[PDB]
């Protein structure tokens, strides 16, 4: 479809639109008493041209799967996003004045309770990665005509996550993706490092494989032309702008970031801007080509029960890869992402079987999470991203923002705990339960054998929110029958007798250490109840307390994790104040070191001998 080269009246209408967007941005933030009108004003021509010349979308159905996508990476410009959706006819004009009120959904930064928002972007530097996932999905999965546009600030470009996304887009030839850089010279508290050195921005973009075009970001003409032209590779529109453009006395000045205009000033400036608008008539949005496919919303089921054998030995990391590949045969919705760790997480098994649905993300965990979030938007795919659980700490802000984005992504982190052995602490996840439990939409699976792992993968696929599966490096015995039923929030009692002295709660390697402790203790005529949580969040409080009441009130938790935020604290918080109930904890008390897995479990006090000693001390 041809570029429509605008006439001078269309160009004037785009200028008028940009100026209306400035006025609203000022009105809304002055009404709120907070916000970022100067950050809106540098972007006003960009927004007018994108929404009212370049992009194709259903104005009354912002989530429509055929629409071009727009990602406001510089999310503090939210008031101008809201203004463009009022200009397009989706939002009521009057509602814009309710910015940041508890009575409104026009919140301080964009969030997906808004139909026109797919991802929340208030934490800078994350929007381009989500946009990359949207574009990858458009080109390779949906195979549709929609384009993806992402608006970034210049200060924002200091975030490394942006450059991971830059590199991803050129690796994967995302010629349907456009990044618009609002080079307004200034960040929050000082000039951005490169200021108006447009040539260095261009060199950086080009060095990372993008087609880079420098424009006057306040020229509607130049913007129409640069956006109109497609682009064989990801394209960066490097827009020279002025912060506070159009606000006399404030344009290009420090000390105005995140500062609203006082009422008296807003009124004077708005009259100035208004004087430059030549018509009140609004431009209409133009709709998309409807070529996005249907996607299935049904439950995704494993094609058969697990086929392990009780007593065989397999690491849950390897069971994860097996289970994920298996599930990929049941549904084309499943996609897998990994950060150059596929041979260690065993996501390589999925790649072997389903290569078209595997995304190599390289050593770039931040971006990997953002790609997954973008792929999950509009329910287009069901992503599973993997790396070592320790390296998901590199992506915690992306995970945090994924929950604010109401995203349905699945994360599998391997190599938990000291039981990995010889690599040492840099590779050992000892804080991942703390991390993921603190994510408000999370479900935390900690499968203890291959059967439980397969069941966790299936359950995660069908569970909303941030699903985390903690996998382990040691081979451990299969303990569950293949037809054992598993559910979110349902634990399992894996050993019991009527004379049990203590309820021992373990998971992964420490479950197996607890079972081995039970055998040690049998020699002493001491029986212990052993409980496998299955999910750490939510925790089966009922079965834990029913168990504890059968074992003189006594609970011992043992975990390959630090003391804070893990299993022991979850249990303690669940049962505190319950009459007659006591909880004793065994966990890892400090940064570990290299050695054999069994040696480290011993050193850090979480192996079978440590468990047996704690049990005896409770009995006395």
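Residue numbers count along the first chain shown, from 1.
Legend: mean Cα B-factor per stretch from the PDB entry, 189-197 versus 303-311; the higher mean is in 303-311.
Averaged over their C-alpha atoms, the temperature factors of 89-97 and 143-151 are higher for 89-97. Of the candidates 35, 592, 565, 577, the deposited coordinates give 577 the top C-alpha B factor.
Take 118, 348, 432, 524 and read off each C-alpha B-factor from the entry; 524 has the highest. Ranked by Cα temperature factor within the chain, residue 482 sits in the highest third according to the deposited record. Sort the chain's modelled residues by C-alpha temperature factor and residue 69 lands in the lowest third, per the entry. Among the modelled residues of its chain, residue 447 has a C-alpha B-factor that falls in the middle third, as given in the PDB entry. When the modelled residues of the chain are ordered by C-alpha B-factor, residue 410 sits in the lowest third. When the CA B factors of the chain's modelled residues are split into thirds, the value for residue 558 lands in the middle one.
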